[PDB]
Structure formats: C-alpha cells, structure tokens
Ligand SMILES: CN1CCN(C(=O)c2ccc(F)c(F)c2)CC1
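Next comes just one chain, in structure tokens: the form solved without the ligand.
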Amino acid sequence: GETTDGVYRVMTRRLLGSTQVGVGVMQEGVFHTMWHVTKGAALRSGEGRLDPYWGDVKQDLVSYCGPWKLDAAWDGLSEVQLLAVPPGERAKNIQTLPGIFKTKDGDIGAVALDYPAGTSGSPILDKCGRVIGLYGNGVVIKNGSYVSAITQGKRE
C-alpha cells in the first residue's frame, strides 16, 4: 500500500456509493486517526492491509502499523492551521487562533471551525508544519456552532 507521509481520506463502500467517514495522518509508517472514524476496524491501502496497533475510546484516538508518533503541542499563544479534508472537496488550510477547553484535569486547545462529520481526523498544524493534534471531537455551544478539541496522543 501507499506508505508516503501526508493526509489521507478514510472511505467506505458499505453505504450508498463511496462515502468519506473521516481523515488521517500517515507519519513514520503509522496511520493516525480518531477512534469514532473506524471504530478500531482494519483498513485497506490499495492491496495492503493496515491493522490497528493502539487505541483508546476516551482519548478518541487510534494508530495503525505502529505506536502513536505525533507529539507536537500547541504553544498556547500562536495561530494554527486546520488542514481540512472535507468529503468530495480538495484539502484546504484554514488559519485560526485556538480557544481553550478547561477541564477538571487541565486545559486543552480548541478550534472553532465547522465542517461535515466526515472531516473528523483532519490534522491541526503549527507554523513548522508539525501535527499538534486531530480535529473532530468536541462540543456544540449555545449558538449551535461546533468547537473541536485539539486532540493529541502520547508518543511512548
């Protein structure tokens, strides 16, 4: 299969036509996505098979072929870019200043950008192009708009 680094669409042929259920990042031979996109199922890349390696429903993350590789973090000050990959649409970078999700266990960055459900797994990047987290797990605020957490795993 294609192991080249980059952003990939996660597709299915189970439903009507070819449907995009999410997005992910290939880095250092490992495919990273959100748990709710694949529910931990195996993936296909051409003729090759990608088997899950690590996952966690609470963090809402999963890695394939190896351990989670992404460890860059939002610095808490600078603007970032959502590299949105919407269903049937070209990859597009959107710049934004993240807000904050304050929890009983600490704070996390959050991006107030609204996209179709099948955009889950799109990477959020810093100015060096490093992936600081994935887009697609968050909350709906008073005005009905969507705010996603900047979800990052841990590199062992």
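One-based numbering along the sequence shown.
In what follows, reference is made to the form solved in complex with the ligand, a form of this protein that is not presented.
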Given the ligand in the orientation seen in the entry with it bound, superposed onto this form through the C-alphas lining the site, is the binding site open or blocked (3 or more ligand atoms within 2.4 angstroms of backbone or C-beta atoms = blocked)? blocked
Considering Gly129, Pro67, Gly29, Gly48, which brings a non-hydrogen atom within 4.5 Å of the ligand in the entry with it bound? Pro67
Taking the ligand in the entry with it bound, which residues along 49-83 bring a heavy atom to within 4.5 Å of it? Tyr53, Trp54, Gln59, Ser63, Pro67, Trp68
